Amino acid sequence: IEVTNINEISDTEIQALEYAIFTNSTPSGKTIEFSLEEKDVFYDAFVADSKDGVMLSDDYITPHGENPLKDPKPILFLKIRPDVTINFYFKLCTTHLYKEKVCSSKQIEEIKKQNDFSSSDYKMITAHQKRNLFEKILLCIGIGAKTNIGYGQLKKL
RNA sequence: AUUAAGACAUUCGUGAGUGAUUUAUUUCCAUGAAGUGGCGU
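- As summarised from the PDB record, the model derives from cryo-EM at a stated resolution of 2.81 Å.

Comments concerning the nonpolar core
- Listed in full, the twelve residues of the largest apolar core are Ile6, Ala16, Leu17, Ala20, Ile21, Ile32, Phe90, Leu92, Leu97, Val102, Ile125 and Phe134.
- A per-element tally of this core places helix α1 (residues 11-23) first, with four residues.
- In this view, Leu92 contacts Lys39, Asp40, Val41, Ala127, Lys130, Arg131 and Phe134; residues no more than four positions away in its chain are not counted.
- Counting residues in hydrophobic clusters, the runner-up holds five residues, among them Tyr98, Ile108, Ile111 and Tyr122.

Looking at the protein's contact with RNA strand B
- Taken together, 14 residues surround RNA strand B, and among them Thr62, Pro63, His64, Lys146 and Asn148 come closest.
- When the atoms of RNA strand B within 4 Å of the protein are sorted by group, sugar and phosphate make up 73%.
- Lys146 places a main-chain nitrogen or oxygen 2.6 Å from a phosphate oxygen of RNA strand B.
- Contributions of two or more residues to the surface near RNA strand B are made by α1 and β3 (56-61).
- Residues that form the surface near RNA strand B fall into these classes: seven nonpolar, six polar and one charged.

Things to note about the state of the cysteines
- Considering all chains together, one arrives at zero disulfides under this definition.
- No disulfide involves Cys93; its sulfur sits 13 Å from the nearest other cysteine sulfur, which is in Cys103.

Topic: the packing of aromatic side chains
- Under the definition given, this model contains eight aromatic pairs.
- With a centroid separation of 5.5 Å and an interplanar angle of 35°, the aromatic rings of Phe42 and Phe134 are classed as tilted. Of this pair, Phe42 sits in strand β1 (residues 41-42) while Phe134 sits in helix α3 (residues 127-141), and the two are 92 residues apart along the sequence.
- Since its relative accessible area comes to 38%, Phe42 is described here as partly exposed.
- Through successive ring pairs, a cluster of aromatic residues spans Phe22, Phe42, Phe90 and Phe134.

Some points on α3
- Across its 15 residues, α3 extends 21 Å between first and last C-alpha, which sits within 8% of the 21 Å expected from 1.5 Å per residue.
- Turning to α3, its buried residues number three or more, namely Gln129, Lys130, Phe134 and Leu138.
- Where α3 is buried, its residues meet α1, β1, β6 (90-91), β7 (95-98) and β9 (122-125).
- Residue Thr126 occupies the N-cap position of α3, its side-chain oxygen lying 3.3 Å from the main-chain nitrogen of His128.
- Immediately downstream of α3, the backbone of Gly142 shows phi near 85°, a positive value.

Notes on the pattern of salt bridges
- Summed over all chains, the structure comprises five salt bridges.
- Between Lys91 and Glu37 there is a salt bridge, with its nearest N and O atoms 3.7 Å apart. With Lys91 in strand β6 and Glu37 in the loop between α1 and β1, this pair connects stretches of sequence that are 54 residues apart.
- For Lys91, a relative accessible area of 33% translates into the label partly exposed.
- Residue classification places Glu37 among the partly exposed positions, given a relative accessible area of 48%.
- Between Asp59 and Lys79 there is a salt bridge, and its shortest N-O distance comes to 3.2 Å. Of the two residues, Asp59 sits in strand β3 while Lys79 sits in strand β4 (residues 75-80), which places them 20 residues apart along the sequence.
- Owing to a relative accessible area of 18%, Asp59 belongs among the buried residues under this scheme.

Criteria and thresholds
- Residues numbered from 1 in each chain as written, not as in the entry; some residues may be left out.
- Chains lettered and ligands numbered in written order.
- Part of a larger assembly, values for the part shown.
- Heavy atoms only, no water.
- Core = buried A, V, L, I, M, F, W, Y, C linked by side-chain atoms within 4.5 Å.
- Buried < 20%, exposed > 50% of the residue type's maximum accessible area, 1.4 Å probe, protein only.
- Helix = DSSP H or I, 4+ residues; strand = E, 2+ residues; numbered from the N terminus.
- Contact = heavy atoms within 4.5 Å.
- Near = heavy atom within 4 Å.
- Polar contact = N/O pair within 3.5 Å; in protein donor to acceptor, adjacent residues only side chain to side chain.
- Nonpolar A, V, L, I, M, F, W, Y, C, P; charged D, E, K, R; others polar.
- Disulfide = S-S within 2.5 Å.
- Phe/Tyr/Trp six-rings, centres within 6.5 Å; stacked < 30°, edge-to-face > 60°.
- Expected span 1.5 Å × (residues − 1).
- Salt bridge = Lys/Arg side-chain N within 4 Å of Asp/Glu carboxyl O.

Here it is, written out as structure tokens:
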């Protein structure tokens, strides 16, 4: 609702959208006749630019065991430095939902051409809105390891 | 000399045509770079 103009979305609509974005199918096992460009591709995120400084730094995690009377255990690992630009690459398309089902672009054109076309049952999320949705998710939870203890959180450049 | 003698079941013919080992899956979960002061009464 935040990223797109859709006022109301149903649980089945959310399920269909998720299975179209990630599985590229229907919630079940059925295949939708999709075009070449109607596929969601998640490329590799690369380090883009370390402005003034290196991109790799060293950090410590020092577990203290169940016995506080015993010595700690310094663990040294390699991390990506803060203030480093990460480039996320996606190949996203426009998702067409009609009557809580995912439709192809030509399918949705044919549906639009029909007489009993209910505009209330038609929903569309574009590639830009998909990118905004993914950006919000990434800014919410982050990416990588030890995300619960803070590592891998991102800010807008 | 006898309903007999002669007569290749043979000629031509691609196991070939269409087909993505692909789809779904976070190398992640837990973890304090911490602990302690000592002597000169």
